[PDB]
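# Working through the structure, step by step
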Amino acid sequence: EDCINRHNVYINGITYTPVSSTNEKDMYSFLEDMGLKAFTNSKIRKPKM
Amino acid sequence: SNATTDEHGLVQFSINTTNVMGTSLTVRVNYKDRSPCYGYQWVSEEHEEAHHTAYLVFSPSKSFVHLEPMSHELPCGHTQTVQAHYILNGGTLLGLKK
Ligand SMILES: *[C@@H]1O[C@H](CO)[C@@H](O)[C@H](O)[C@H]1NC(C)=O
Ligand SMILES: *[C@@H]1O[C@H](CO)[C@@H](O)[C@H](O)[C@H]1NC(C)=O
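The deposited coordinates for this entry were obtained by cryo-EM, with a reported resolution of 7.3 Å.

Written as structure tokens, this is what we have:
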């Protein structure tokens, strides 16, 4: 469920810029391409908005 | 923050900003447009609304002084202490005594 999408992205500093989906490997993905599945409460997947 | 017109005074209002460069204000703000389902150019009921759009100082230092406008009466052959209020963001990083 975790949607971290702001109204405006709140990109403080010198300038603002919009949101975008990343591209990187994940512990979720490590257990996926491993082949198996798991249940756990800790932060495994990335917080995809 | 609603207000009311004083007999001697107009609306003199502030709004605390904690947001981004693009900002736009208005009063009589029951809507943005009346209810534009259609008019088919017959006639449009249009009362006046004072909507304003403003923009920001592009200050990467974020340290600046705001100068209120003295757009009122002015007797000549005088001096006039201008009223200005400022900030320094991050304090001064090193700065100096002066
Ligand atoms: C207008 O603002 C005053 C000041 O806080 C508040 O007490 C009052 O409830 C407001 N009036 C309205 C429209 O309720
Ligand atoms: C809001 O006004 C306060 C003073 O009451 C000021 O310090 C602040 O910079 C303004 N906006 C914010 C919260 O950044």
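## Description of the overall build of chain B
Secondary structure assignment for chain B yields zero helices and four strands. Shown N-terminal to C-terminal, the secondary structure of chain B runs as helices and strands in the order β-β-β-β. For chain B, the C-alpha radius of gyration of 21 Å lies well beyond 13 Å, the compact-globule estimate for 98 residues. Its C-alpha atoms give chain B principal-axis dimensions of about 70 × 40 × 25 Å. If you take every contact in chain B between residues at least 6 apart in sequence, the share linking residues at least 24 apart comes to 41%. Accessible area for chain B stands at about 9,900 Å²; split by element, carbon and sulfur atoms hold 59% of it. Here chain B carries 6 positive and 9 negative side-chain charges, and the mean point of each set is 19 Å from the other.

## Describing the pattern of salt bridges
Applying the stated criterion to the full structure yields two salt bridges over all chains. For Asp 33 of chain A, the salt bridge goes to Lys 25 of chain A, with nearest N and O atoms at 3.0 Å.

Calculation notes
- Residues numbered from 1 in each chain as written, not as in the entry; some residues may be left out.
- Chains lettered and ligands numbered in written order.
- Part of a larger assembly, values for the part shown.
- Heavy atoms only, no water.
- Helix = DSSP H or I, 4+ residues; strand = E, 2+ residues; numbered from the N terminus.
- Rg over C-alpha atoms; globule rule 2.2 N^0.38 Å.
- Contact = heavy atoms within 4.5 Å.
- Areas by Shrake-Rupley, 256 points an atom, 1.4 Å probe, with all protein chains shown as cover.
- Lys, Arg positive; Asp, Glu negative; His and termini not counted.
- Charge placed at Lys NZ, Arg CZ, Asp CG, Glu CD.
- Salt bridge = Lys/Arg side-chain N within 4 Å of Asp/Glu carboxyl O.

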